[PDB]
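If you want the building blocks of each chain, they are given just below.
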Amino acid sequence: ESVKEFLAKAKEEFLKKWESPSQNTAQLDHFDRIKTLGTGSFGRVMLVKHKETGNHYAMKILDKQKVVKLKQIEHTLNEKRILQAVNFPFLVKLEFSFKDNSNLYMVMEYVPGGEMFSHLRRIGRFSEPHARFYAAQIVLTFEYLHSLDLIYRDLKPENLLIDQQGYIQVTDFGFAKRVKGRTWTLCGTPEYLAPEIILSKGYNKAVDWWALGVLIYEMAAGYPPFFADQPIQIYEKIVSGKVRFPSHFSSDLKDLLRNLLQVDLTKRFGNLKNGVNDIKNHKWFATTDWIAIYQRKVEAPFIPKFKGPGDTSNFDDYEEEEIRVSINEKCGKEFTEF
Ligand SMILES: O=C(O)c1ccc(C(F)(F)F)cc1
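Residues numbered from 1 in each chain as written, not as in the entry; some residues may be left out. Heavy atoms only, no water. Residues with missing side-chain atoms left out of burial classes, pairs and counts.

The deposited coordinates for this entry were obtained by X-ray crystallography, with a reported resolution of 1.37 Å.

Listed below in structure tokens is the structure:
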């Protein structure tokens, strides 16, 4: 009942913000630009500093015209409407949002420890306890998101940032969506796609549990289970229902992964009658104190090395490009609700 009542309150609080979203809570000239932390085909993330408070933030900047051309309008509206409404210990917080003639802006907390991906590739693979610590945080995060009827749809090591306490904070809600029932969009990264996405089915929150299987495998092995050189080869392996496990995997880990990486979505852990509890009660998680993880009372496997809230050393280097704001409003109609 304690969990039920927690989730009931979580949904109440989400819905109030979902139904009345915040808008236009800062502007660009309140910030100084420091460094580009990441780039893509329609946006980028920049470390910025608020000129009055001195706080650092990660500012996600989306080019409206490019969002339209790449057919990401609904996805970007989803991302902002969801982020301004959620609240959970393992989600990067949205602090401000606004738009101008050219761009959409989401000003996020800055997590200086960098992406799990970097740390995983540095060390090779995580031990099972280390992978389990991160996996538990994803399980709780998905329990939270799914209870709000949200599907995340972009789990991968690059989207898991490591904070100053060594805990995960999930970033990038660009594919997140509120879904009662099924949804159909092809999105995600190839190695993490569930079979039902590849096969163009109407799919549901079970795709997130599949992706958790992929993530746990990759953390514990150092490479993902369906690895191949070309996407088509990855997709063939994903749909085949065959996975090979390293001999160093424990039997408990292999058993959990067979049930998360279940091609038949109606048999996949997280999507059965007992929901998330089939995962939380699995023997691989027997040492996990779920409440202590939620309360951040467990000592983390490692604390990322960084010098302060302005340190960018754990992120990589990109060409520094202008943030140009047109003299004329672009795509105003499409982004009215942002
Ligand atoms: O919130 C942050 O601290 C942050 C978010 C996103 C990114 C990245 F560029 F990789 F997408 C970096 C940092």
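Soluble, globular proteins show a tendency: their nonpolar side chains are buried together. If you look at the biggest cluster of nonpolar residues, it comprises 91 residues, and the most contacted ones within it are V86 and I216. Considering each element in turn, this core owes the most residues, twelve residues, to helix α7 (residues 206-221). The two domains that each donate at least three residues to this core are domain 1 (1-20 + 115-305) and domain 2 (21-114 + 306-338). Once you skip the residues sitting within four places of it in the chain, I216 turns out to touch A135, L253, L256, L257, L260 and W284. Listed in part, the eleven residues of the second largest apolar core include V48, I61, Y105 and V107. (Core = buried A, V, L, I, M, F, W, Y, C linked by side-chain atoms within 4.5 Å. Buried < 20%, exposed > 50% of the residue type's maximum accessible area, 1.4 Å probe, protein only. Helix = DSSP H or I, 4+ residues; strand = E, 2+ residues; numbered from the N terminus. Domains from an automatic or database assignment. Contact = heavy atoms within 4.5 Å.)

Here the focus is the sheet that holds strand β3 (residues 56-63). Spatially, five strands are ordered β1-β2-β3-β5-β4 in an open sheet, and the strand pairing comes out antiparallel. Looking at strand neighbours, the two that pair on one side only are β1 (31-39) and β4 (94-99), the edges of this open sheet. Sheet twist, expressed as the mean angle between neighbouring strand axes with direction ignored, is 25 degrees. Its contacts with the sheet place helix α3 (residues 73-83) against β3, β4 and β5 (103-109), and it is angled at close to 35 degrees to β5. (Pairing = 2+ DSSP bridges. Axes fitted to C-alpha atoms, helices over the stretch in contact; angles between N-to-C directions.)

The subject of this paragraph is the domain arrangement of the protein chain. Accessible area lost on assembly of the parts is the figure often given for the size of an interface. For the protein chain, the assigned domains are domain 1 (1-20 + 115-305) and domain 2 (21-114 + 306-338). Once you take the C-alpha centre of each, domain 1 and domain 2 turn out to be 25 Å apart. Put simply, the parts of the chain that give the side of domain 1 that touches domain 2 at least two residues each are α1 (2-19), α4 (116-123), α5 (128-147), β7 (160-162), β8 (168-170), β9 (177-178) and α11 (290-294). At six residues, α1 tops the list of elements feeding residues into the side of domain 1 that touches domain 2. Per-class residue counts for the side of domain 1 that touches domain 2 are 21 nonpolar, ten polar and twelve charged. (Nonpolar A, V, L, I, M, F, W, Y, C, P; charged D, E, K, R; others polar.)

Turning next to the layout of surface pockets. Estimated volume of the second largest pocket: approximately 360 Å³. Lining the second largest pocket are 14 residues, with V3, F6, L140, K280 and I291 sitting closest to its centre. Within the residue set of the lining of the second largest pocket, elements represented by two or more residues are α1, α5, α10 (277-280) and α11. For the lining of the second largest pocket, the per-class residue count stands at nine nonpolar, three polar and two charged. (1 Å grid on protein atoms, 1.4 Å probe; cavity = no way out; pocket = protein on both sides within 12 Å on 5 of 7 lines; lining within 4 Å. Points joined across faces, edges and corners; volume = space filled by probe spheres on them.)

In the numbering used here, UniProt assigns the feature "domain: AGC-kinase C-terminal" to residues 286-338. Taken end to end, residues 286-338 comprises 9% helix and 0% strand; its first and last C-alpha atoms sit 43 Å apart. (UniProt positions renumbered as here; feature names shortened; annotations may be inferred.)

A separate point is a negative patch on the surface. Together, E1, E5, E12 and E13 give the surface a local cluster of negative charge. Relative to the elements of secondary structure, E5 occurs in helix α1. Given a relative accessible area of 53%, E5 falls into the exposed group. (Patch = residues over 30% accessible without salt bridge, like charges linked within 9 Å, V, L, I, M, F, W, Y side chains within 5 Å. Areas by Shrake-Rupley, 256 points an atom, 1.4 Å probe, with all protein chains shown as cover. Salt bridge = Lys/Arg side-chain N within 4 Å of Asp/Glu carboxyl O. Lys, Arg positive; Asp, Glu negative; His and termini not counted. Charge placed at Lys NZ, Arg CZ, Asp CG, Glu CD.)

Every residue lining the ligand is accounted for by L37, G38, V45, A58, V92, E109, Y110, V111, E115, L161, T171 and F315. Contacts to the ligand include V111, whose backbone N or O atom sits 2.9 Å from an oxygen atom. Here the ligand loses 88% of its free accessible area of 320 Å² to cover by the protein chains. Tallied by class, residues from the shell around the ligand come to eight nonpolar, two polar and two charged. (Near = heavy atom within 4 Å. Polar contact = N/O pair within 3.5 Å; in protein donor to acceptor, adjacent residues only side chain to side chain.)

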